[PDB]
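One structure is given here, and the rest of the page talks about it.
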Protein chains: 4
Amino acid sequence: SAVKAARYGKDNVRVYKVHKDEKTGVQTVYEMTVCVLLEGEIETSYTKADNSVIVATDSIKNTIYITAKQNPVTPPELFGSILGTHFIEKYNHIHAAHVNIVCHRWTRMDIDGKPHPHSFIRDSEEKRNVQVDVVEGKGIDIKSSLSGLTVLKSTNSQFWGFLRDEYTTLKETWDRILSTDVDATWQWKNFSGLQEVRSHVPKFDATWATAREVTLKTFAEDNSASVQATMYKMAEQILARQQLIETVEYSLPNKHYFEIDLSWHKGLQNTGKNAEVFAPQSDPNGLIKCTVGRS
Amino acid sequence: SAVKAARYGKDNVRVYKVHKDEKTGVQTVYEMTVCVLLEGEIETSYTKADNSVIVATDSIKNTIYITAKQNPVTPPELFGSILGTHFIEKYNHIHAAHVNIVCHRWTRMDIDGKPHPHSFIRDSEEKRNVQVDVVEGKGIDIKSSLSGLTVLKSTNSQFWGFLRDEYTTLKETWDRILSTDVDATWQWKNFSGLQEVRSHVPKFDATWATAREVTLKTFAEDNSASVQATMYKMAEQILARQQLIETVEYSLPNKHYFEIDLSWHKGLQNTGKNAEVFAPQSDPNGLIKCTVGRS
Amino acid sequence: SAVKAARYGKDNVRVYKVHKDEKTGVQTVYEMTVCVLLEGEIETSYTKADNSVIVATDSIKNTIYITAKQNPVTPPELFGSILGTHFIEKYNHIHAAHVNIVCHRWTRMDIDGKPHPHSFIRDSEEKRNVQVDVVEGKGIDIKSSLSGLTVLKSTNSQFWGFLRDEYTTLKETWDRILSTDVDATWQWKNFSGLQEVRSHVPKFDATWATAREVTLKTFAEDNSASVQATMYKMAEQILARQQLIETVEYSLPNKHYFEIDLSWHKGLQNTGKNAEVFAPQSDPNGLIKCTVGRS
Amino acid sequence: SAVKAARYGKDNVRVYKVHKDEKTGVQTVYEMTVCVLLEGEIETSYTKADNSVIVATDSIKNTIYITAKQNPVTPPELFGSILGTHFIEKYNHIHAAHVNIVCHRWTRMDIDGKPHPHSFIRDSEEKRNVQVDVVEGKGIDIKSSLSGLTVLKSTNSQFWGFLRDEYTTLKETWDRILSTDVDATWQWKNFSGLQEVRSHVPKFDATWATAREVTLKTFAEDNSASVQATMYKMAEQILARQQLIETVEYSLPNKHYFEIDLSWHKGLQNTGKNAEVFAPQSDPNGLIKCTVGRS
Ligand SMILES: O=c1[nH]c(=O)c2nn[nH]c2[nH]1
Ligand SMILES: O=c1[nH]c(=O)c2nn[nH]c2[nH]1
Ligand SMILES: O=c1[nH]c(=O)c2nn[nH]c2[nH]1
Ligand SMILES: O=c1[nH]c(=O)c2nn[nH]c2[nH]1
Ligand code: NA
Ligand code: NA
Ligand code: NA
Ligand code: NA
């Protein structure tokens with residue numbers, strides 16, 4: 001037997017950082033969960049009990065904190081690139097670093113219509129994420145995403161004209177509820193290294209905001225023919241607005257809300273045009289994915 | 001042996017309701033999870049296998065949907081009171097109904113600065129809840145709450161002057177992070193029945209809003225001496241603003257964020273006045289509770 | 001306003017302890033999650049920012065570890081009683097301690113048919129719990145429980161003869177699936193203090209084992225008329241076998257498995273006597289409770 | 001823009017099946033959660049709102065139930081292969097089916113030392129899983145796994161001789177706790193189609209049992225030099241015992257248990273040889289992966 005692939009590191013490293021403006025007194029907080037996995041010439045730790053090639057996972061944890069102390073942690077694409085580059089430059093035998101960062105929301109509170117200098121609310125479970133793969137001699141590959149964005153529209157969704165055979169019971173519909181949790185990923189063109197990532201820093205926050213805005217506006221405004229058709233419209237728009245993106249991937253569950261026939265009870269009408277009360281279904285759920293790239 | 005207490009019913013009943021304004025085209029959605037447990041002369045179902053006294057839990061589920069079809073589901077204090085009263089009036093041998101409702105957030109989307117007629121976002125995991133106990137001959141007892149409101153302030157929290165003995169290692173501090181998940185409950189004066197609950201309908205939403213506003217403003221503005229002192233200030237204010245409330249209860253975890261000493265690494269300064277990077281602690285956590293009533 | 005009730009302490013304190021037999025080389029592990037909440041003359045910490053009355057929650061955490069170092073942690077009824085008594089004896093102004101312990105399963109591995117001296121498996125998510133309330137001048141109240149015991153029987157469950165009215169759609173049945181997660185609590189007679197708890201130490205593990213054995217055998221063997229009737233049989237037996245128990249409480253969800261009518265597809269028969277494939281329902285669920293005491 | 005990749009289907013389909021032996025009266029239950037995602041000539045559903053190419057996700061759900069009614073659901077490798085093959089054969093334009101199955105434990109109860117004919121316990125949260133990819137013209141690729149197997153050993157784990165630099169604080173150790181949740185995957189050689197999968201049916205359960213047995217015995221008996229070294233030993237053995245396996249992958253968290261220094265309290269000794277009470281750490285955790293194949 002032989003080691004075909006190996007990686008190891010530290011997962012679930014929670015990090016908080018505060019920035020304090022001495023002039024204005026305003027404080028800004030960042031909170032993330034970080035995972036770093038390393039690859040390189042480490043097979044002998046597996047096959048020969050040779051620990052000399054192991055950068056201890058505990059040391060990786062220390063490094064994340066030190067790096068956060070000495071560098072900006074925003075945008076996460078930059079922080080991830082700095083963190084990954086550190087490992088491949090510092091250790092001769094480490095040739096790839098894989099950094100995943102989940103950013104948690106701490107939104108500044110408005111108290112009596114004015115922004116508070118040091119108080120924050122977790123205003124959503126929505127996350128902003130990055131995956132950064134730093135590979136020696138091959139540059140920096142970055143996938144940015146948003147996830148956990150939960151939305152619902154109560155009308156202006158349709159689903160008709162699908163395949164019908166002996167396995168089909170679903171009725172065609174011209175008016176249904178559509179609800180989903182959005183997971184959207186945009187993949188950046190490969191960067192040559194840190195200098196290039198730094199050159200594009202302003203684009204990271206702007207592209208996240210664009211992806212979010214396009215997702216929300218398209219969801220709200222599209223008279224949806226299917227989840228498939230609506231998600232494609234979202235992806236097309238994002239690719240149009242940022243040329244440094246190579247692909248956009250969406251993964252959308254279809255979180256079903258079922259009509260409840262109450263006609264058995266005093267002829268109560270609660271279906272079709274009369275539907276007011278519905279049963280949200282926890283499971284099963286449709287799951288629709290697509291990756292959109294350039295012609 | 002004897003049955004000392006018994007209750008039974010249906011839990012985890014998910015309900016969605018839509019209101020459609022025909023004039024304006026605006027739609028409004030409500031989503032809840034409902035639990036109803038009944039008590040009464042039902043001991044023989046336990047001791048003698050006498051199912052004749054059992055209103056089937058499946059029938060309770062049907063009743064929740066029917067009641068939602070035929071009545072307002074907002075404010076939840078009203079819906080809960082209607083639902084509970086139904087069971088005690090309809091069934092001679094059922095003498096108490098216990099209704100718990102969790103309301104989920106579906107906040108209207110703003111698209112290009114204007115409110116969208118039929119699109120919504122789950123803008124937080126914060127819940128608004130009610131517990132309604134409807135007891136035959138004893139009226140309606142209602143406890144309203146908010147829960148899952150997660151906040152953090154990065155300064156203006158202190159904790160010093162606590163008891164010090166041979167079990168104490170905690171250092172006194174004049175500047176720390178304070179973060180919590182707020183669970184706040186206000187207990188209404190007993191109502192005589194549905195007519196009285198209906199008479200006070202406008203007070204329910206207003207009191208929820210007040211409790212939320214007081215919680216946020218007090219958290220943000222108090223230079224906190226302890227979680228204990230800050231939460232008391234919140235409760236005092238709520239009781240002052242709504243005379244129909246008898247008690248306010250808060251249950252607050254103290255979600256710790258620890259300093260990280262980095263001095264071992266090149267004399268890096270990251271404690272006290274120099275603290276920028278912290279380690280959020282998943283567990284353990286302080287847990288502070290208090291119930292405040294009138295003199 | 002006035003403080004009507006207050007308690008505070010540390011929750012989610014994870015503790016592991018190992019016992020090493022020097023003679024045999026056998027090791028035994030215990031893992032628990034502990035919560036301790038205190039009450040006493042502490043109102044001024046809330047109303048006056050008087051921290052002098054506060055035993056810091058951090059100190060409570062330290063105390064749990066120290067107490068685990070210096071005492072047996074099994075049975076948990078004993079450990080909880082020791083821990084609670086410590087706080088009321090040590091601090092003049094603390095008058096009640098509320099200790100909750102969740103015990104996690106670490107079951108010794110069998111390797112090649114023999115018990116391994118130091119390797120363990122989490123063989124179930126089932127917990128053994130205690131709630132110990134130690135109140136100055138009022139002794140020690142202990143509630144022992146098991147929870148998270150998930151079982152299913154595929155036949156020998158019935159449900160017929162329930163109330164039928166205009167809210168009822170449920171069909172009577174003489175053969176259904178019954179599945180539940182068992183939560184069973186037995187309440188001990190009040191103990192005068194630690195000496196008395198110590199006097200009964202052997203009864204704690206024995207009564208837990210009896211409660212578990214009775215629950216499993218009754219579930220498996222009863223041709224169940226309802227969840228209500230089966231759970232009463234369990235409680236009756238436990239009370240018969242341990243005279244120091246005052247009450248037994250069961251809380252059982254009815255985790256529904258629905259028939260799937262497949263007759264629309266080539267006349268496939270999958271209902272009644274022909275039912276083979278079912279749809280487990282995540283929600284809603286029945287919830288049945290009862291507290292059984294002595295005549 | 002163009003569709004680069006697309007797949008869609010139904011996730012979280014819960015399925016239960018019962019087998020009833022008419023001769024012996026013994027019943028056997030199976031419970032699974034199934035996901036099926038399809039690929040093929042479906043791009044126009046995304047780009048042109050052409051639903052004619054969509055096999056509705058609801059129909060996929062129906063198909064899972066029908067297929068479970070008409071076929072064995074064990075071993076899951078077989079059921080998954082049948083289910084996947086159905087979609088590629090039935091629909092001309094569907095060219096790949098991706099089937100994921102999670103099998104839940106329902107272990108027959110022993111009552112008074114004898115196996116009960118129709119009562120079961122969820123004796124662990126451990127799962128047995130399969131991923132089956134059925135691709136038209138390319139056969140059937142099967143990855144079998146176990147996951148959620150949680151183990152702990154209290155001694156006979158070491159970790160010393162790792163890299164030490166200015167980022168390192170971890171002390172070398174010759175005696176520590178090792179605890180992990182095992183995720184182990186074995187990848188079968190490609191099968192040409194259903195006939196070949198059927199030919200190997202007995203090997204599936206046997207290989208699962210072997211993988212489990214090897215994992216447990218190796219964990220218990222290895223005087224572990226590192227997680228890396230121990231996991232390699234496991235993988236090597238599995239590959240030796242089943243020639244139809246091409247690779248074995250392990251993913252193991254290192255769930256840390258920290259010593260607690262209590263020396264500040266009355267010189268209490270609880271470190272090194274005196275360590276009895278430890279603090280289990282919820283996060284962060286080491287994460288160690290490896291894929292082992294043949295020379
Ligand atoms: O077994 C281990 N492997 C590692 O890579 C490691 N790093 N810290 N502790 C460790 N333990
Ligand atoms: O055992 C049961 N008890 C009940 O109260 C009930 N209601 N519906 N099905 C039921 N099953
Ligand atoms: O606000 C606090 N209250 C307390 O009781 C406490 N104990 N430790 N830290 C604390 N912080
Ligand atoms: O938008 C949808 N897409 C689908 O593929 C589907 N299948 N059932 N309902 C559906 N809705
Ligand atoms: Na390198
Ligand atoms: Na009544
Ligand atoms: Na006392
Ligand atoms: Na095909």
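Hydrogens, waters and symmetry mates play no part in the numbers below; they use all other heavy atoms, side chains included. Order of the sequence lines sets the chain letters (A, B, ...), proteins ahead of strands, with each chain counted from 1.
- Residue D/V18 touches chain C through both its backbone and its side chain, counting heavy-atom pairs closer than 4.5 Å.
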- Task: Decide side-chain contact (heavy atoms from CB on, under 4.5 Å) for D/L178 and D/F219; before the verdict, give the C-alpha distance in whole Å, the side-chain angles of both, and the deciding distance to 0.1 Å.
- Result: CA-CA 9 Å; D/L178 179 58; D/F219 180 81; 4.0 Å; yes

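- Remark: D/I101 CD1 to D/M32 CE distance equals 6.0 Å, nearest 0.5 Å.
- Both the backbone and the side chain of C/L216 come within less than 4.5 Å of a heavy atom of chain D.
- Across D/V34, D/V55, D/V13, a single residue satisfies side-chain contact (heavy atoms from CB on, under 4.5 Å) together with D/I60, and that is D/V55.
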- Message: Using the rule given for side-chain contact (heavy atoms from CB on, under 4.5 Å), can you reason through C/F87 versus C/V36, listing the C-alpha separation, both sets of side-chain angles and the distance that settles it, and then say yes or no?
- Response: CA-CA 10 Å; C/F87 288 103; C/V36 172; 3.8 Å; yes

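- The parts of D/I121 that come within reach of chain C are both its backbone and its side chain, each placing non-hydrogen atoms under 4.5 angstrom from that chain.
- Pairing each heavy atom of D/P72 with each of D/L78, the nearest pair is CG-CD2, 4.4 Å.
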Between chain D and chain C, donor-acceptor distances below 3.5 angstrom:
residue	atom	partner	partner atom	Å
D/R14	NH1	C/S282	OG	2.9
D/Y16	N	C/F278	O	3.0
D/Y16	O	C/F278	N	2.9
D/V18	N	C/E276	O	3.0
D/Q27	OE1	C/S154	OG	2.7
D/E31	OE1	C/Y257	OH	2.6
D/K69	NZ	C/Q269	O	3.0
D/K69	NZ	C/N270	OD1	3.3
D/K69	NZ	C/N274	O	2.9
D/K69	NZ	C/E276	OE1	2.6
D/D112	OD2	C/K217	NZ	2.9
D/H116	NE2	C/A220	O	3.2
D/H118	O	C/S154	N	3.1
D/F120	N	C/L152	O	2.8
D/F120	O	C/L152	N	3.0
D/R122	N	C/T150	O	2.9
D/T150	O	C/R122	N	2.9
D/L152	N	C/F120	O	3.0
D/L152	O	C/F120	N	2.8
D/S154	N	C/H118	O	3.1
D/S154	OG	C/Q27	OE1	2.7
D/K217	NZ	C/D112	OD2	2.9
D/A220	O	C/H116	NE2	3.2
D/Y257	OH	C/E31	OE1	2.6
D/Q269	O	C/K69	NZ	3.0
D/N270	OD1	C/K69	NZ	3.3
D/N274	O	C/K69	NZ	2.9
D/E276	O	C/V18	N	3.0
D/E276	OE1	C/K69	NZ	2.6
D/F278	N	C/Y16	O	2.9
D/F278	O	C/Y16	N	3.0
D/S282	OG	C/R14	NH1	2.9

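- Contact annotation for C/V15: both backbone and side-chain heavy atoms come within less than 4.5 Å of a heavy atom of chain D.
- Residue contact with chain C, scored on non-hydrogen atoms closer than 4.5 Å, involves the side chain of D/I177 exclusively.
- For chain C, the nearby parts of D/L152 are the backbone and the side chain; heavy atoms of each come within less than 4.5 Å.
- Proximity to chain D is limited to the side chain of C/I111, based on heavy atoms less than 4.5 angstrom apart.
- D/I260 touches chain C through its side chain: at least one heavy atom from C-beta onward sits under 4.5 Å away, while N, CA, C and O do not.
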